[PDB]
Amino acid sequence: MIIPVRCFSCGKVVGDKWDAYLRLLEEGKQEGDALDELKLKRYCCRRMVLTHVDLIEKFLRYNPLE
Amino acid sequence: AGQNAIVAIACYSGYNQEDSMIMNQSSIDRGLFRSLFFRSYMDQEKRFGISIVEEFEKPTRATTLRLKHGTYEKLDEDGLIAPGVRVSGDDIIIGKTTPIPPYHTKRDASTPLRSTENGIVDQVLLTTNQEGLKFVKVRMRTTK
Amino acid sequence: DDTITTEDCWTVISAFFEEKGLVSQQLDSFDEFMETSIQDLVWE
Amino acid sequence: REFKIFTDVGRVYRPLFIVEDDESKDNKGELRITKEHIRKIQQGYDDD
Amino acid sequence: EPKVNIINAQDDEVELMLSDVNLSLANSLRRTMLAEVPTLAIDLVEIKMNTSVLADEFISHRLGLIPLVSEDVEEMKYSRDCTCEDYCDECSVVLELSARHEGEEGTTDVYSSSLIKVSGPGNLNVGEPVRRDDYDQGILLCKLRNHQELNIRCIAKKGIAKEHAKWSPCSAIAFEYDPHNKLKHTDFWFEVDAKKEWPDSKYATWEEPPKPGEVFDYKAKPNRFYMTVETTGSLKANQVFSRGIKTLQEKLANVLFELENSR
Amino acid sequence: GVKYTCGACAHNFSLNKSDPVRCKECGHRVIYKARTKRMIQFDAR
Amino acid sequence: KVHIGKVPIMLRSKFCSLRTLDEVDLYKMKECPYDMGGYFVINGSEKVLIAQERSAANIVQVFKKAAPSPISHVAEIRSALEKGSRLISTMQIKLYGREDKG
Amino acid sequence: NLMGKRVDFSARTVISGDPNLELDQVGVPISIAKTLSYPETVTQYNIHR
Amino acid sequence: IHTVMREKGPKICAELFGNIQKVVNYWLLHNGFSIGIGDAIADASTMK
Amino acid sequence: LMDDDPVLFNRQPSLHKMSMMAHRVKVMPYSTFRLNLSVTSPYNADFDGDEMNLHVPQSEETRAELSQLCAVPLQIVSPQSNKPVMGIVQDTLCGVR
Ligand SMILES: [Mg+2]
Ligand SMILES: [Zn+2]
Ligand SMILES: [Zn+2]
Ligand SMILES: [Zn+2]
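As you go down the protein sequences, you meet chains A, B, C, D, E, F, G, H, I and J in turn.
So the first sequence is numbered by the authors' numbering: it starts at 1 and just counts up by one.
Under the authors' numbering, the letters of the second sequence match residues 819 to 920, 931 to 972, in that order.
So the third sequence is numbered by the authors' numbering: it starts at 9 and just counts up by one.
So the fourth sequence is numbered by the authors' numbering: it starts at 615 and just counts up by one.
So the fifth sequence is numbered by the authors' numbering: it starts at 4 and just counts up by one.
So the sixth sequence is numbered by the authors' numbering: it starts at 28 and just counts up by one.
So the seventh sequence is numbered by the authors' numbering: it starts at 155 and just counts up by one.
So the eighth sequence is numbered by the authors' numbering: it starts at 340 and just counts up by one.
So the ninth sequence is numbered by the authors' numbering: it starts at 631 and just counts up by one.
So the tenth sequence is numbered by the authors' numbering: it starts at 437 and just counts up by one.
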């Protein structure tokens with residue numbers, strides 16, 4: 001839905017690196033290189049950031065009820 | 819429809835034998851596999867004759883009889899609970915009264941919450957059915 | 009030219025699913041029922 | 615010695631590639647589809 | 004007798020070598036950092052008005068995991084240690100968030116920097132959300148469309164990771180010893196050769212490899228432990244280490260006092 | 028009497044158990060109850 | 155023109171209202187673009203018609219009967235009119251008499 | 340055709356393993372234990388508890 | 631188990647299960663055991 | 437319901453007489469029944485979501501009958517093939533090997 005605040009396994013704060021990750025992917029950098037530039041060493045954080053689905057962008061398409 | 823979890827295949831303490839697993843409690847505390855549960859209840863008025871119809875209203879203690887042991891203070895003046903209200907099991911969420919066919933002569937057709945379920949009133953819908961009678965749908969949200 | 013590779017087959021399958029979809033049979037059956045079956049059933 | 619033609623409703627079918635089998639050209643034994651068809655599919659339109 | 008060697012030291016993580024101590028002491032110290040170091044985390048959320056697409060419990064739980072500056076968390080008291088009704092200024096920190104999006108276009112991103120410390124036990128240096136830099140927005144909390152508003156009041160209290168993982172001040176604690184398997188504490192699975200099929204530890208160069216003609220030293224015990232401690236920014240790594248040592252000391256002192264009073 | 032919101036034009040109005048169930052502005056037949064003003068508390072766990 | 159009834163509409167078909175209007179208008183009326191259709195809405199409930207298996211019609215099928223029966227082989231056809239593809243009648247042919255029996 | 344009685348002398352639920360239990364022991368949830376009941380007759384020995 | 635049942639009695643036989651389980655479970659907890667993909671791989675000679 | 441109270445315990449289907457046995461209650465938190473591993477084999481059950489039934493005796497005769505006839509230790513040896521039906525299994529078996 002939205003990027004989780006912390007890594008599920010270890011607990012590193014990864015919720016502040018989503019915009020940076022997307023911007024790094026904008027310049028055509030590979031996903032592994034982008035993850036490396038964010039200092040995500042353990043693969044728990046790597047799967048936390050890499051496999052996330054930003055579903056909230058769909059939820060914001062619907063017109064608000066108020 | 820799932821999540822990528824770090825799995826270790828090991829005989830740690832014998833608590834995962836015969837098709838069972840040990841879950842990291844801290845991972846649960848961080849949001850792993852947490853989910854929302856939505857359940858919707860429905861209620862509509864029905865017509866018995868020329869004007870013999872039910873109504874969504876808050877039942878009274880004196881003029882209305884057959885009161886369930888569940889609480890009624892959570893209902894509003896129109897018998898519909900406002901969204902964003904914590905309730906527990908057996909609580910009345912829809913209050914409907916039916917006149918007795920020929931004071932203290934009103935059947936209570938109130939719909940209570942499931943006794944084994946809790947949650948918050950996520951949404952309330954009021955509308956009219958095909959024939960024009962009242963129609964209410966209450967969606968409850970809880971966290972598993 | 010060159011031999012057809014596996015990614016070519018995946019391109020073909022992607023084109024198939026882009027044109028048809030996953031519930032194509034239901035929609036096609038209902039469309040042919042509404043477009044032709046009703047009129048002929050009336051005219052019989 | 616039977617020749618059957620079916621135009622019924624409800625038959626289940628699947629698509630398959632067509633391998634050239636006419637013993638009158640060098641294309642025999644090879645897939646009819648070429649890289650040109652793949653290029654046209656990727657483009658989304660034919661070259662007139 | 005115990006000796007400490009700091010290999011790498013920065014604000015958020017510290018990698019060090021710990022020598023002349025027993026294995027159980029190092030493991031207990033690691034567990035103390037992981038679980039029993041008190042920090043400050045949001046524990047009560049009062050939602051005045053929420054119009055976003057996220058559920059109330061969803062945004063509340065996301066707010067719970069936000070790290071908070073807990074440098075002076077020691078001077079605060081637990082909720083059950085305070086005689087005040089509910090919560091007061093000496094046992095909690097009151098923060099507030101108010102976000103809205105204006106106009107028919109665009110989407111407003113609500114970050115953790117929008118959280119403002121309304122009140123706290125002054126003049127203690129606690130309650131402020133952790134910011135990497137002055138310009139860093141921080142953790143993405145929510146997203147708002149047109150005519151969507153969020154108005155939340157949050158209460159932060161002192162706790163430990165035992166109660167809930169949100170008070171944990173550390174993310175991961177790397178911990179290892181005996182890189183060359185001299186003590187034979189583990190048996191290496193292999194297909195052809197064990198040495199070629201197993202990667203060398205990152206500390207393999209810190210200890211000399213065993214000679215081929217060496218005999219097993221049955222009287223040897225683990226003595227050097229390499230450990231790296233990473234924090235979430237709530238507490239600096241040196242503060243985490245010192246407070247873990249202090250917590251273990253206080254626990255042992257409490258046990259000693261109970262033993263003395265038992266007579 | 029009780030606040031309500033339209034399901035189509037999202038206009039807030041009020042009803043007094045006598046008006047027909049319809050939006051005052053756009054005449055929509057689907058309406059929702061407005062959110063209660065009472066505070067709600069969560070443990071953030 | 156005379157009204158003779160109302161026929162339920164399968165969603166996302168050629169007669170459904172959601173076939174056109176694109177993602178913007180699909181969002182504008184609380185409809186998920188990822189939805190695929192292929193189902194009806196009856197009294198507000200989403201109903202789907204499971205495909206029904208049946209034997210082919212207008213073809214000849216020959217089977218061998220069981221041992222404890224005078225009939226040895228049965229050749230049968232289920233004739234159905236092409237117009238409407240509705241089963242009309244079932245006709246069978248049976249070879250009475252087991253081998254060296256009857 | 341019969342109705343009307345209050346019987347709650349049975350339960351049914353999912354199970355899990357526990358290595359720290361004896362062979363003749365069964366773990367019971369506190370809620371299930373509170374739901375069920377056993378009628379004990381008051382004597383002189385057991386009156387206090 | 632059969633010998634203990636026939637010799638000592640049901641109580642001792644029941645306690646034997648718990649004793650053995652506790653000892654073995656503690657040792658396995660502090661020893662470790664696992665299975666992996668490499669356990670299903672044979673060498674080149676056996677494959678040949 | 438308290439500790440050491442004999443209760444009858446069953447799995448459906450009850451094909452054999454030791455599919456239903458009398459156990460001693462231990463009250464513990466959370467919402468699952470807990471069993472020893474070795475009694476899962478006679479029950480022919482696994483922890484993949486299977487459900488179990490429990491009954492409580494309501495008299496002294498029933499309690500004595502459960503404790504003296506249907507007790508778990510008395511069911512270790514079965515008359516079907518005069519051999520034990522409960523044994524060390526799974527992690528304990530691997531660890532003891
Ligand atoms: Mg099972
Ligand atoms: Zn991680
Ligand atoms: Zn206070
Ligand atoms: Zn309207």
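The beta carbon of each residue, even a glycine, is placed where N, CA and C say it ideally should be.
Count the other CB atoms, across all protein chains shown, that sit within 10 Å of the CB of residue i; report buried if there are 16 or more and exposed otherwise.
{"i": "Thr882 (chain B)", "result": "buried"}
{"i": "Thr915 (chain B)", "result": "buried"}
{"i": "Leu630 (chain D)", "result": "exposed"}
{"i": "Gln252 (chain E)", "result": "exposed"}
{"i": "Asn53 (chain E)", "result": "buried"}
{"i": "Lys678 (chain I)", "result": "exposed"}
{"i": "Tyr931 (chain B)", "result": "exposed"}
{"i": "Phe647 (chain I)", "result": "buried"}
{"i": "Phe61 (chain E)", "result": "buried"}
{"i": "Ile524 (chain J)", "result": "buried"}
{"i": "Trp51 (chain C)", "result": "exposed"}
{"i": "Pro465 (chain J)", "result": "exposed"}
{"i": "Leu57 (chain E)", "result": "buried"}
{"i": "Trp170 (chain E)", "result": "buried"}
{"i": "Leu941 (chain B)", "result": "buried"}
List, in chain order, every chain F residue whose beta-carbon is nearer than 8 Å to that of residue i.
{"i": "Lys51 (chain E)", "result": "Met66"}
In chain F, what lies closer than 9 Å to residue i by C-beta?
{"i": "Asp59 (chain E)", "result": "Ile67 and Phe69"}
According to DSSP, what are the bridge partners of residue i?
{"i": "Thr111 (chain E)", "result": "E:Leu147"}
{"i": "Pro132 (chain E)", "result": "E:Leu71"}
{"i": "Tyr229 (chain E)", "result": "E:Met20 and E:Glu179"}
{"i": "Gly162 (chain E)", "result": "E:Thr42"}
{"i": "residue 429 (chain J)", "result": "The question about residue 429 (chain J) has no answer here: the residues shown for chain J are numbered 437 through 533."}
{"i": "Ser199 (chain G)", "result": "G:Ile196"}
{"i": "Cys33 (chain F)", "result": "F:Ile58"}
{"i": "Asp936 (chain B)", "result": "B:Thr915"}
{"i": "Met456 (chain J)", "result": "J:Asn446"}
{"i": "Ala229 (chain G)", "result": "G:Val216 and G:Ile247"}
{"i": "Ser514 (chain J)", "result": "J:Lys519"}
So residue i contacts chain B; which residues on that side make the cut at Cβ distance below 7 Å?
{"i": "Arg46 (chain A)", "result": "Correct list: empty, because the minimum Cβ distance to chain B is about 10 Å."}
{"i": "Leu473 (chain J)", "result": "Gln835 and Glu836"}
Please compile the residues from chain J whose C-beta is within a distance smaller than 9 Å of the C-beta of residue i.
{"i": "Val353 (chain H)", "result": "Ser467, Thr468, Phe469, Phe483, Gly485, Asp486, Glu487 and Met488"}
{"i": "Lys641 (chain I)", "result": "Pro509"}
{"i": "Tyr377 (chain H)", "result": "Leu437, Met438, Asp441, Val492, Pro493, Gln494 and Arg499"}
Using the beta-carbon of each residue, which ones in chain H are nearer than 9 Å to residue i?
{"i": "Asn655 (chain I)", "result": "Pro358 and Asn359"}
{"i": "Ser838 (chain B)", "result": "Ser355 and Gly356"}
{"i": "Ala644 (chain I)", "result": "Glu361, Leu362 and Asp363"}
Using a cut-off of 8 Å between C-beta atoms, extract the partners of residue i located in chain B.
{"i": "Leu71 (chain E)", "result": "By Cβ distance, chain B contributes nothing, its closest Cβ being about 16 Å from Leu71 (chain E), past 8 Å."}
Output, in chain order, the set of chain A residues within a Cβ distance shorter than 7 Å of residue i.
{"i": "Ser845 (chain B)", "result": "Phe8 and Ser9"}
Just to make sure I have the definition right: I need the residues of chain A whose C-beta is within less than 8 Å of the C-beta of residue i. Which are they?
{"i": "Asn834 (chain B)", "result": "None at all; the shortest Cβ gap to chain A is about 18 Å."}
Taking Cβ-Cβ distances shorter than 7 Å, what residues in chain D pair up with residue i?
{"i": "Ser239 (chain G)", "result": "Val623"}
For residue i, return the contacting residues in chain F, with the cut-off set at a CB-CB distance below 7 Å.
{"i": "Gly67 (chain E)", "result": "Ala71 and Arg72"}
What does residue i touch in chain I if you count any residue whose Cβ is under 8 Å from its own?
{"i": "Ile827 (chain B)", "result": "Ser664, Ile665 and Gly666"}
* Touch check for the segment 960 to 967 of chain B and the segment 935 to 951 of chain B: three-plus C-beta pairs under 8 Å? -> yes
* Do the segment 209 to 226 of chain E and the segment 192 to 200 of chain E touch if we need at least three Cβ pairs shorter than 8 Å? -> no
* To do: Spell out a yes or no on whether the segment 24 to 39 of chain C and the segment 174 to 181 of chain G are touching, meaning 3 or more CB-CB pairs, one atom from each, closer than 8 Å.
  => no
* To do: Can you list the residues near ligand 1, meaning Cβ strictly closer than 5 Å to any non-hydrogen atom, in the order they appear in the chain?
  => J:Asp482, J:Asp484 and J:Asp486
* Between the segment 34 to 48 of chain E and the segment 69 to 81 of chain E, do three or more beta carbon pairs fall short of 8 Å? -> Output reads yes: the segment 69 to 81 of chain E touches the segment 34 to 48 of chain E.
* Does the segment 246 to 264 of chain E come close enough to the segment 32 to 42 of chain E to have 3 or more Cβ pairs within less than 8 Å? -> Remark: three or more beta-carbon pairs, one from each stretch, lie closer than 8 Å, so the segment 246 to 264 of chain E and the segment 32 to 42 of chain E are flagged as touching.
* **Lining residues of ligand 4 - beta-carbon closer than 6 Å to any non-hydrogen atom, in sequence order** => F:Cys33, F:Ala35, F:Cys36, F:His38, F:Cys50, F:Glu52, F:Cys53 and F:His55
* Got a list of residues with beta-carbon closer than 6 Å to any non-hydrogen atom of ligand 3, in chain order? -> E:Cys85, E:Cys87, E:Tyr90, E:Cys91, E:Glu93 and E:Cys94
* **Validate contact between the segment 347 to 366 of chain H and the segment 380 to 388 of chain H using beta carbons, cut 8 Å, 3 pairs** => no
* How do the segment 362 to 375 of chain H and the segment 468 to 481 of chain J stand: do at least 3 beta-carbon pairs fall below 8 Å, yes or no? -> yes
* Asked: Using 8 Å as the Cβ pair cut-off and three pairs as the minimum, do the segment 141 to 155 of chain E and the segment 99 to 107 of chain E touch?
  -> yes
* Does the segment 23 to 30 of chain A touch the segment 820 to 837 of chain B, meaning 3 or more C-beta pairs lie closer than 8 Å? -> no
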